[PDB]
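Before any comments, here is the structure.
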Amino acid sequence: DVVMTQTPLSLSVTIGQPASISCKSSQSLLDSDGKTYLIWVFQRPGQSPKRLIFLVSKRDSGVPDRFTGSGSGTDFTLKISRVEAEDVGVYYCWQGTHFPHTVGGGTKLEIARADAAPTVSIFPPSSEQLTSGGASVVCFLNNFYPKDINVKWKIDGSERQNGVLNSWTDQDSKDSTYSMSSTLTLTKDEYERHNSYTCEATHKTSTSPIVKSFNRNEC
Amino acid sequence: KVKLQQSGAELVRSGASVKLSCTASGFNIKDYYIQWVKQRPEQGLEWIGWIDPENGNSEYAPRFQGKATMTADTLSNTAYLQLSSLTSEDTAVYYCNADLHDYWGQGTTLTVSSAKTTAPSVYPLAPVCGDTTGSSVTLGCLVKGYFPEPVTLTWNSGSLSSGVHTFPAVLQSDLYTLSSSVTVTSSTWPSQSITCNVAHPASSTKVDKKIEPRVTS
C-alpha cells in the first residue's frame, strides 16, 4: 500500500495569511497513462467530504482560486494564498494511481482569532422533565475564543462535580469561535431542595470567573 | 456535493451482517462508478473499494476482501455494501460517492453494539428572567437519553439556520445526550413560534417541541 504522509498534522493560521499543506507518497503517483491521480479532499466535521482538486492541480467547480494544488512524483502541495474563516476543517490528499487507493492522515486547519469572552446562558429544567421525575440545568457558553475554558457548577455555594456532561462545538466557519454546553443532571428531589444554581467559567479573557446564577422562585 | 441518499443509521450485534444502500434521486447510477469510504469516530477516511453499477463488477481493498460484498441493482438504481461478521472495529460512518460531479451520499452511521435502541426525550429550553444579550434571545433544546447515534435536530424545520449551535453528542452509560441552542433577535420570539425538530432514525422517532415562554420558575 502506497503511504500518504501529510505535514503538518495540525495547522493554525491567522486570517488573511497564506498556508501550505504537504503530501508525500511512498511511491510515485505518475501513472503509465502520463497522468497523476492525486486529489485533495475537504471535510468539515460531521459532514460529507467534498473534493477540491483533482489530477494534482485541476480545481473543481466552485472551489475558490485561493486554492492551488501542485507537485509531481512523490511530492505534492496544496497552497491557500489567503485563509478565510470558512476554510476550517480537515484536508486530505488521496491517491488513485495504485491499488488499493490510499488516503493521507489529514491536516486539521484552525484559525487563530482575536480573544473573545463567552456569553453565559442558563436554563432551569423544563416543567416537562420535572413531571417525568428528572431535573437537568443547562449552561451554554457561547462564542468565545480560545477553546480552552473551565466550567464549575455550584449549588447554594457548594461545588458539584458529579452529573455534569460537557460538549464543545468545532470552530465556527463564520466567526471562528467555539461554544460549549454543560448539563448538570439531578433528580427532581435534589433540585427542589436547593435555591441557587451557578455556572462559573474560567477563561483567559478574564482575571476572575464569569458567573451566571439562577435563583428558584425569583423570576 | 450531497446528491445521493443512503440508508438510515444501523445498530447491529457483533458477529451479525448488515447491508447498506446508496441511491440517487435525479439520475441513473449505472453510468458512473460508485466507491465506498469508511470513517471511524475521530479518524481519517478509509477506501473500501468501488463498483461499476451497470454490471456489478467490483474491486475491494485487500483489508476488506472477505469482509465486504458489493452489488448493484440497476433496475431500482441502488448500490449495496454488505458487511459480514461485524466487530467493534466496524463501528463507523460509511459514505458512497459517485463519479459524477463529485456527488456524495450523506453517510450511514453503523454502531456495532449489543445495547438496546432507546428513543430520546426532548425538552424545550426557554430563557428565564428576561435574559437577552445585545438585542437577541437564546433558546435551547435538550435531547436526552437516546441510543444509538445519530439524532437530526433542526430549528423551524430547517429554515432557521443562522445562529444555531448544535453540540456533539456525549456518551454516558450507554445513552447519549445532545443539546442545541439558537439565537434570534428578541423581536422574533415569542411573537413567532420557535420549534425544535428532532428525528432519531434508529427508533424512527420524530418530535417537535415548541419553545414557549416560562411560567413562574
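As they're listed, the protein sequences go chains L and H. Residues 1 to 27, 27A to 27E, 28 to 95, 95A, 96 to 97, 99 to 106, 106A, 108 to 214 (the entry's author numbering) make up the first sequence, in order. Residues 1 to 52, 52A, 53 to 82, 82A to 82C, 83 to 213 (the entry's author numbering) make up the second sequence, in order. Each residue gets a CB set at the ideal place from its N, CA and C atoms; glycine is no exception.
Legend entry - Chain-ordered neighbours of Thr173/H on chain L, where CB pairs are closer than 7 angstroms: Position 177 of the second sequence, counted from the first residue, corresponds to residue 173/H. The answer, in chain order, is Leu160, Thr178.
Inset, instruction - For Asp98/H, go through chain L and note every residue whose CB falls closer than 8 angstroms to its CB, in chain order. - result: Residue 98/H sits at position 102 when you count from the first residue of the second sequence. Correct list: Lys45, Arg46, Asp55.
Inset, instruction - Check the Cβ of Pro119/L against every Cβ in chain C and list those closer than 7 angstroms, keeping chain order. - result: Structure shown: chain C not included; protein chains present are L and H.
Legend entry - Collapsed DSSP secondary structure at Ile29/H in the structure displayed: Locating residue 29/H in the second sequence gives position 29, where the first residue counts as 1. Residue state, collapsed to three classes: helix.
Inset, instruction - With a threshold of 16 other CB atoms inside 10 Å of the CB of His196/H, please say whether the residue is buried or exposed. - result: Taking the first residue of the second sequence as 1, we reach residue 196/H at position 200. Answer is buried; the Cβ neighbour count reaches 16.
Inset, instruction - Tell me, please, whether the CB atom of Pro95/L is closer than 8 angstroms to any CB atom in chain H? - result: Within the first sequence, the letter at position 100 stands for residue 95/L. Yes, because at least one Cβ of chain H sits closer than 8 angstroms to the Cβ of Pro95/L.
Inset, instruction - Tell me whether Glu10/H is buried or exposed, calling it buried when 16 or more other Cβ atoms sit within 10 Å of its Cβ. - result: Along the second sequence, read from residue 1 onward, the residue named residue 10/H stands at position 10. Label assigned to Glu10/H: buried.
Inset, instruction - Report the residue from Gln27/L, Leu47/L, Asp165/L, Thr178/L whose alpha carbon sits nearest the alpha carbon of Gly136/H. - result: For this step, residue 136/H is matched to residue 140 along the second sequence. Measuring from the Cα of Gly136/H, the nearest candidate turns out to be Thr178/L.
Inset, instruction - Return helix, strand or coil for residue 273/L, following the three-state DSSP convention. - result: Because chain L spans 1 through 214 in this model, residue 273/L falls outside it and cannot be assessed.
Inset, instruction - Measuring only between beta-carbons, confirm whether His196/H sits less than 8 angstroms from chain L. - result: As a first step, residue 196/H is located in the second sequence; it is residue number 200 there, counting from the start. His196/H does not count as touching chain L.
Inset, instruction - Report the rounded CA-to-CA distance for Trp100/H versus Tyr140/L, giving the unit in angstroms. - result: Numbered from 1 along the second sequence, position 104 holds the residue referred to as residue 100/H. Numbered from 1 along the first sequence, position 145 holds the residue referred to as residue 140/L. Approximately 33 angstroms between the Cα atoms of the pair.
Legend entry - Residues near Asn145/L by beta carbon distance below 6 angstroms, same chain, minus five either side: Position 150 of the first sequence, counted from the start, is the residue given in the question as residue 145/L. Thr197.
Inset, instruction - Kindly list the residues whose CB is nearer than 6 angstroms to the CB of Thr63/L, restricted to its own chain and excluding five residues on each side of it in sequence; keep chain order. - result: Sequence index remark: in the first sequence, residue 63/L carries index 68 (1-based). Excluding sequence neighbours, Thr63/L sits near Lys74.
Legend entry - Close beta carbons around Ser201/L, own chain, < 7 angstroms, minus the five adjacent residues each side: Translated into the one-based positions of the first sequence, residue 201/L becomes position 206. Excluding residues within five positions, the ones whose Cβ falls inside 7 angstroms are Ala112.
Legend entry - Selection of the segment 4 to 20 of chain H by Cβ proximity to chain L, strictly under 7 angstroms: Listed in sequence order: no entries.
Legend entry - Helix, strand or coil at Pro113/L [DSSP, three-state]: Counting from 1 along the first sequence, the entry for residue 113/L is found at position 118. Note: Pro113/L maps to coil in three-state DSSP.
Legend entry - Assigned secondary structure, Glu42/H (DSSP; H/G/I helix, E/B strand, else coil): Residue 42/H sits at position 42 when you count from the first residue of the second sequence. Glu42/H: coil per DSSP, three-state reduction.
Inset, instruction - With a cut-off of 8 angstroms on the beta carbons, I'd call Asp95/H and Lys1/H a contact; round off their distance for me. - result: Here residue 95/H refers to the residue found at position 99 of the second sequence. Here residue 1/H refers to the residue found at position 1 of the second sequence. At roughly 13 angstroms, the Cβ-Cβ gap does not stay under 8 angstroms, so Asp95/H and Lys1/H are not in contact.
Legend entry - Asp143/L to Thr87/H span [Cα, whole Å]: Residue numbering aside, residue 143/L sits at position 148 when the first sequence is read from its first letter. Residue numbering aside, residue 87/H sits at position 91 when the second sequence is read from its first letter. Cα to Cα, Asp143/L sits roughly 29 angstroms from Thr87/H.
Inset, instruction - Say whether chain H places a C-beta atom closer than 8 angstroms to the C-beta of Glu123/L. - result: By one-based count along the first sequence, residue 123/L stands at place 128. Yes, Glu123/L lies at the interface with chain H (some Cβ there is under 8 angstroms from its Cβ).
Inset, instruction - Verify whether the separation of the beta carbon atoms of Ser174/L and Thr193/L is less than 8 angstroms. - result: Along the first sequence, one-based indexing puts residue 174/L at 179. Along the first sequence, one-based indexing puts residue 193/L at 198. No, these two residues do not count as a Cβ contact at 8 angstroms.
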